[PDB]
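A.B. asks: Have a look at this one.
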Amino acid sequence: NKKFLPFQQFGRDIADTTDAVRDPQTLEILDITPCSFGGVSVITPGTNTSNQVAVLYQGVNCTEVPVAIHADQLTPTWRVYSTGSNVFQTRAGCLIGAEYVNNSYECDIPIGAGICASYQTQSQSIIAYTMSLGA
Amino acid sequence: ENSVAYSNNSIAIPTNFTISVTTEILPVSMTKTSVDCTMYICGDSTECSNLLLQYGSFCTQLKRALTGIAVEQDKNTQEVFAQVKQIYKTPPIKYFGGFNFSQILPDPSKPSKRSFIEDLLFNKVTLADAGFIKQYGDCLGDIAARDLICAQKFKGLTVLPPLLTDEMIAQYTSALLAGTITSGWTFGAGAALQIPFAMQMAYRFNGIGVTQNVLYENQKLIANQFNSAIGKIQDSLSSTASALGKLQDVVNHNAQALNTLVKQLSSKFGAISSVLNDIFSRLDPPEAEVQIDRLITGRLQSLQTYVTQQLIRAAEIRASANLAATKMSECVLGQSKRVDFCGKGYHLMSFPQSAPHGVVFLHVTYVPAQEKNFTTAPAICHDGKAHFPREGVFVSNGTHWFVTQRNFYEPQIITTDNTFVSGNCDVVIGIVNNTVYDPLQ
Amino acid sequence: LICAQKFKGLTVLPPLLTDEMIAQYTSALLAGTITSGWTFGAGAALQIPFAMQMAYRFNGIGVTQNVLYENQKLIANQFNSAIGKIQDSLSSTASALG
Amino acid sequence: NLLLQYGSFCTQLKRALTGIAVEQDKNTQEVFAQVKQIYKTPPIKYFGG
Amino acid sequence: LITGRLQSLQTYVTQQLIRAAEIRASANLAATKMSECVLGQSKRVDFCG
Ligand SMILES: *[C@@H]1O[C@H](CO)[C@@H](O[C@@H]2O[C@H](CO)[C@@H](O)[C@H](O)[C@H]2NC(C)=O)[C@H](O)[C@H]1NC(C)=O
Ligand SMILES: *[C@@H]1O[C@H](CO)[C@@H](O[C@@H]2O[C@H](CO)[C@@H](O)[C@H](O)[C@H]2NC(C)=O)[C@H](O)[C@H]1NC(C)=O
Ligand SMILES: *[C@@H]1O[C@H](CO)[C@@H](O[C@@H]2O[C@H](CO)[C@@H](O)[C@H](O)[C@H]2NC(C)=O)[C@H](O)[C@H]1NC(C)=O
Ligand SMILES: *[C@@H]1O[C@H](CO)[C@@H](O[C@@H]2O[C@H](CO)[C@@H](O)[C@H](O)[C@H]2NC(C)=O)[C@H](O)[C@H]1NC(C)=O
Ligand SMILES: *[C@@H]1O[C@H](CO)[C@@H](O[C@@H]2O[C@H](CO)[C@@H](O)[C@H](O)[C@H]2NC(C)=O)[C@H](O)[C@H]1NC(C)=O
Ligand SMILES: *[C@@H]1O[C@H](CO)[C@@H](O)[C@H](O)[C@H]1NC(C)=O
Ligand SMILES: *[C@@H]1O[C@H](CO)[C@@H](O)[C@H](O)[C@H]1NC(C)=O
Ligand SMILES: *[C@@H]1O[C@H](CO)[C@@H](O)[C@H](O)[C@H]1NC(C)=O
Ligand SMILES: *[C@@H]1O[C@H](CO)[C@@H](O)[C@H](O)[C@H]1NC(C)=O
Ligand SMILES: *[C@@H]1O[C@H](CO)[C@@H](O)[C@H](O)[C@H]1NC(C)=O
């Protein structure tokens, strides 16, 4: 919705980044935002205990990570993690590979925003739940 | 300039006392951060990475140190705010010997559990952002490139949210307040034991050398003074440009460091320019690679300097965190006899409060108000034997001699049970003549 | 040497507090702790005889008051000898500042 | 003229070398300024021997 | 020459900033000792003398 003066070519901002450009053909204001990028973290309960893991992404809503996985062209297990088996979105990001419950107890592996991942035994799988301060 | 009328047979004793309330500000933790070496140092180009791969694995130790700092801040916060193993709940009633406590107790009416003073403190302090799920997508529209955090995310610098939320910190503070108001100080040494507030007040006055009869004969006055003081401090803390500069300093320093780091990216470093594509074009590889190497070395050195400068502040932040934990443990969970530590003057108690990236204390002190001239003597000789006060000072207004306690004028009559004799009265210096009641006879 | 380092842009700024004001603060603190006991730390200073303050301090560390009032001259002599000894030691020693 | 191309490192260093200066006098004032008034000894000096 | 001299200046300012923190810690300890052993007797053993 931002407007430009008639002589303005392309905008900028604080810390000298190219914010917006005006198309030469039509003279319409367009905006620029880069592709999604961020770190990747892997949660594991110990190789001796088990081998299945749950992955995580930081500061990314992951309704578009299957595209990134396909572009990466990795082994099929990476494409499996791109499927919507159990996708849970948090404040830090979204979690893939572990389901979500709401019975809360002592934390084992910190994640962020008061969420911890543990390895419950009931079949065995990685579980995610909310922090519990006590009784 | 003031002078003291010092005389070897003179003394002054207060009549009033006075309650007061003072605040204290202590940072507890800073903002965690992370960096993306590859995209920052060169950019979106591909050959930059190819030329970089023959360098050292510099990003490994940088990531290791940054992760260490990030986990260290969490450890500091958990250590300072998790000194109890139970979550106590206040009783439904709010009557404690006439005192006022609505200003600090949690309010169930507000959807967010945060008391009034905490509300004022949180609103006063302005942060870079409130939430953290905000991202490039949340910048869509005119918001793009309009926020400092948004531009930092543009430049490959991300911020990891703290593990503990604000609500958990508020609950911890509320539990500490409930434990220190209902169960006294005993809940820091095992299981909490309930006890009425007045008896705890009597204990605390007995701690600083005042008999409980002072409190139990003046309770309304102390209640009114405490209530007026807490109202006054509530009104005064709002003010403007208050002591919150200590908390503001950390945010200001972090913002300045990040701004300098991001703005330093656009330096030519003595090269032809500061654009990867421009250097890639208009020049053949043999000297373009030299220019790229120079630019990469300069940028990497600047990043290393930033990492070292950021690591510097962690030590002082940890020292402040340990000091805050010490103050919590030895001011809230008990009564400290070390002077000028848990406040100014004689100390009574404290109530902690939570602030963004820090902690707030509310000390409660005790100060004498109004003194009087009196004449004193070190000892008494009635039957050729020296007499000494069991505890207190021998005083007299001019006509008769009385014995009284230290920090509160309260004359009595000298009796055999209030004094103990020792030796003869021919070796002391300033003894006088008087008699002793000896109630047995 | 100072002039040599000056010509390269290296400078030293004077401290805000002159030594005279530091001496004045130290004298004020010593007076407050010598004539008013420890009361002046909390609120208004109150005059009190020095001997009674000594009795206070001995009553602090598990000793009854009658110990001091029967041995005042010995205490004075020992304190004076100690202050003379520390003055002499400080005069003789020129390396303990470290 | 050439130094301007290297950036604003001079501003960074000048800012850095002022925190120390304020730190020193803050430390001194905090350590010593602990009395609200300025007392002085009485004209006579006899503290019980 | 410019980059070498600037790097040397960076090292020197880093060292000064290192020493400043230790000076602060010593000053804070001195202030605490002042408060706890000049304004009143301290029951802590061997803390003062
Ligand atoms: C470019 O020249 C064309 C010549 O007609 C101008 O008209 C545009 O023509 C293109 C293709 O036929 C259309 O897609 C545009 O919608 C036309 N413009 C408008 C405003 O209707 C066009 O204006 C010129 N562009 C400039 C001067 O920026
Ligand atoms: C001790 O202090 C209290 C308050 O500082 C004095 O009480 C005041 O008494 C006057 C006259 O009765 C009232 O008008 C005031 O309202 C009282 N104060 C308050 C806060 O209500 C009291 O007089 C002092 N003690 C002595 C012995 O005078
Ligand atoms: C305890 O403090 C609260 C807070 O001031 C008092 O509630 C106030 O009551 C007055 C009159 O009833 C109202 O005008 C204010 O608006 C109230 N303040 C708030 C924040 O709600 C309460 O009366 C005090 N309790 C006692 C026993 O005095
Ligand atoms: C010092 O205090 C004593 C104790 O109150 C005073 O003695 C009393 O004075 C009142 C005043 O008329 C008499 O009614 C009492 O009978 C006195 N007590 C006795 C035991 O006789 C004394 O007056 C005070 N002195 C000064 C100078 O104020
Ligand atoms: C305290 O009282 C005693 C006893 O009344 C006084 O001792 C007498 O003082 C007179 C004064 O000259 C002497 O003549 C007597 O010989 C003393 N008696 C004894 C047994 O020694 C004493 O002087 C009084 N103290 C003061 C300071 O007046
Ligand atoms: C895994 O558990 C086994 C069984 O005790 C133990 O010997 C091994 O050390 C564990 N793995 C690690 C990495 O400690
Ligand atoms: C991803 O989720 C966040 C919060 O749930 C939301 O603000 C954002 O719009 C979502 N992304 C897209 C592309 O809708
Ligand atoms: C867990 O699932 C939902 C999550 O919001 C919750 O409402 C529900 O009450 C929980 N399950 C049980 C059995 O309580
Ligand atoms: C007490 O002070 C007065 C005057 O200051 C002095 O004359 C007297 O000698 C002193 N007392 C003693 C025991 O010396
Ligand atoms: C105590 O006596 C001194 C000596 O004259 C005097 O200056 C002071 O004002 C007196 N105290 C009070 C509370 O009046």
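Numbering, chain A: per Swiss-Prot, residues 556-677, 689-701 in sequence.
Placement of Cβ uses the backbone N, Cα and C atoms for every residue, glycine included.
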A.B. asks: When Swiss-Prot marks a stretch as region 'Disordered', which of A:561-580, A:621-640 is it?
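C.D. replies: My reading of Swiss-Prot: the region 'Disordered' range is A:621-640.
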A.B. asks: Per Swiss-Prot, which of A:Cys649, A:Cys662 is disulfide-bonded to A:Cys617?
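C.D. replies: In Swiss-Prot, A:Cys617 forms its recorded disulfide with A:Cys649.
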A.B. asks: Of A:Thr618, A:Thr645, A:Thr676, A:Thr696, which one does Swiss-Prot label O-linked glycosylation site?
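C.D. replies: The candidate carrying the O-linked glycosylation site note in Swiss-Prot is A:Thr676.
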A.B. asks: Tally of helix, strand and coil residues over the region 'Disordered' (A:621-640) according to DSSP?
C.D. replies: 13 helix, 0 strand, 7 coil
A.B. asks: Of all the recorded positions given, namely A:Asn657, A:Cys662, A:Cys671, A:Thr676, which is spatially nearest to A:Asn603 (N-linked glycosylation site) at the Cα level?
C.D. replies: A:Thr676
A.B. asks: In terms of Cα spacing, which of the recorded positions A:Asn616, A:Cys617, A:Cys649, A:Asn657 are within 10 angstroms of A:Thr676 (O-linked glycosylation site)?
C.D. replies: none
A.B. asks: Specify the count of other C-beta atoms within 10 Å of the C-beta of A:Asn603 (N-linked glycosylation site).
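C.D. replies: A:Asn603 (N-linked glycosylation site) is surrounded by 6 other Cβ atoms within 10 Å.
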A.B. asks: Select the closest residue to A:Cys671 (disulfide bond) from the following recorded positions, measuring between CA atoms: A:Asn616, A:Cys617, A:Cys649.
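C.D. replies: Going through A:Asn616, A:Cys617, A:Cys649 one by one, the closest to A:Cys671 (disulfide bond) is A:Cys649.
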A.B. asks: Let me know how many other Cβ atoms fall within 10 Å of the Cβ of A:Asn657 (N-linked glycosylation site).
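C.D. replies: I count 6 other Cβ atoms within 10 Å of it.
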A.B. asks: Sequence order please: the recorded positions A:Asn603, A:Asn616, A:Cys617, A:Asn657, A:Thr676 that have their Cβ under 8 Å from a chain B Cβ, otherwise just none.
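C.D. replies: Listed recorded positions passing the 8 Å Cβ cut to B: A:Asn616.
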A.B. asks: Please name which of the recorded positions listed here, A:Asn616, A:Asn657, A:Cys662, is nearest in space to A:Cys649 (disulfide bond), Cα against Cα.
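C.D. replies: Looking at Cα distances from A:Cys649 (disulfide bond), the smallest one goes to A:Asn616.
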A.B. asks: Over all shown protein chains, what is the count of other CB atoms within 10 A of the CB belonging to A:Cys662 (disulfide bond)?
C.D. replies: 17
A.B. asks: Which of these recorded positions (A:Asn603, A:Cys617, A:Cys649, A:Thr676) have a C-beta closer than 6 Å to some atom of ligand 6?
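C.D. replies: Listed by sequence, the hits are A:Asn603.
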